[PDB]
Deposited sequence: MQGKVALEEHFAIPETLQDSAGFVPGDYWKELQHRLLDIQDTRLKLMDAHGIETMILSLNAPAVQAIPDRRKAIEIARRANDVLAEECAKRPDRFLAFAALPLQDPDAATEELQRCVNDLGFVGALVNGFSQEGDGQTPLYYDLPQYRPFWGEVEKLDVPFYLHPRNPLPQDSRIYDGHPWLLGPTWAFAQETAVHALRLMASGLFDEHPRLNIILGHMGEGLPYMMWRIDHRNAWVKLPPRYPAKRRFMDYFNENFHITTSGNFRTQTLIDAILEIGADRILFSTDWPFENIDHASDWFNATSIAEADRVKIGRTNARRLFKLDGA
């Protein structure tokens, strides 16, 4: 399939490189993160990707406790991204990096990126760190409501990307560093953060919000029924502030991508849960090979009509292209 749109495609600036074992693989990953116009573009041309929506790596800004520095790095990453997109505006679009440890500053930067730089959304690596940085700040909190109101006003999607939990909140993984990151920790952290947004009633207040999750929903589709229906015999209204069910907000305010989850069985389950209209192709490059993502997607067992929607038209519609 040609003309695909991919939207969990990362790059980095020297300031955030460290954020992402020594040897040839680490050297290659660094090269990939810094490259946009050469290797990346050639792979897009060879693997049917017309549009790549770029985003800064992780944890990047979300791991910068000093709001002053976080704002600085965010603006810097966004300016660099704007310059890179300008080189091939027919192929590259961008997601804004935001200094959410400072709600007002984040709202202002999103406005600048969207209104002045033409960015089409925001990508944030989970909770923010601020001050001593020992407290994970989730976006369902009160201080972020004004921000969400602006996101809805600008009407651009918010990509809730993973990050690892803080050490004090990672004891279950002690002795197992191999369970951190994309193996598992990333999914748990992101899935719960998403559930917090839903449970808080954020989508009752701002029903037009569009949230995007990668890695096929971080496991949510498979357990969505249970999330709402567990202990069904108990006919008492849910205790959370949100007015409806989790499945309602997931079905109406979320979209998921195939980033780093090239599994047909997983895609089929998602198609039967959230629907093909809300699944988007993505690769997670440079952490995943573009050819791996594309070759899998070209052959996965779905209707050709859905391969076109998931690979291209769903995204073009979502980002008003």
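Enquirer: Numbering the deposited sequence from 1, which residue ranges have no coordinates here?
Expert: Missing CA coords at 21-23, 325-327.
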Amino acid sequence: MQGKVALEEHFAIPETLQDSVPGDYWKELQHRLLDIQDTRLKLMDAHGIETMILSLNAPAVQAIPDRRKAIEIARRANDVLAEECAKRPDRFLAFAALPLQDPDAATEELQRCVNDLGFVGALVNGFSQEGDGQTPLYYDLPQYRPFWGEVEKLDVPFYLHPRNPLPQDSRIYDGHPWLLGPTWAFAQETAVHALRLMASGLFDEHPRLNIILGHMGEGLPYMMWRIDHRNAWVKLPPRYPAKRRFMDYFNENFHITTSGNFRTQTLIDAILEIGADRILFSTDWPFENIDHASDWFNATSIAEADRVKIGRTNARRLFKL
From here on, numbers count along this sequence of modelled residues.
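Enquirer: Can you tell me whether 166-174 has a higher mean C-alpha B factor than 223-231 in this record, or the other way round?
Expert: The recorded data point to 166-174.
Enquirer: Give the stretch, out of 37-45 and 258-266, with the larger mean C-alpha temperature factor in the deposited entry.
Expert: According to the PDB entry, the answer is 37-45.
Enquirer: Which one, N251, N210, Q101, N125, has the peak C-alpha temperature factor per the PDB entry?
Expert: The record points to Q101.
Enquirer: Among the candidates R76, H193, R91, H161, give the one with the maximum CA B-factor reported in the record.
Expert: Checking the PDB record, the top C-alpha B-factor among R76, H193, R91, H161 is at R76.
Enquirer: According to the PDB entry, is the CA B factor of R112 in the bottom, middle or top third of its chain, that is, lowest, middle or highest?
Expert: According to the entry, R112 has a C-alpha B-factor in the chain's highest third.
Enquirer: Should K320 be placed in the lowest, middle or highest third of its chain by the C-alpha B factor in the entry?
Expert: It belongs to the highest third of the chain when residues are ordered by C-alpha B-factor.
Enquirer: For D277, does the deposited CA B-factor place it in the lowest, middle or highest third of the chain?
Expert: For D277, whose C-alpha B-factor we compare with every modelled residue in the chain, the answer is the lowest third.
Enquirer: For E28, does the deposited CA B-factor place it in the lowest, middle or highest third of the chain?
Expert: Middle third - that is where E28 ends up once the chain's C-alpha B-factors are sorted.
Enquirer: Compared with the other modelled residues in the chain, in which third is the CA B-factor of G214?
Expert: Its C-alpha B-factor, which the entry lists for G214, ranks in the lowest third among residues of this chain.
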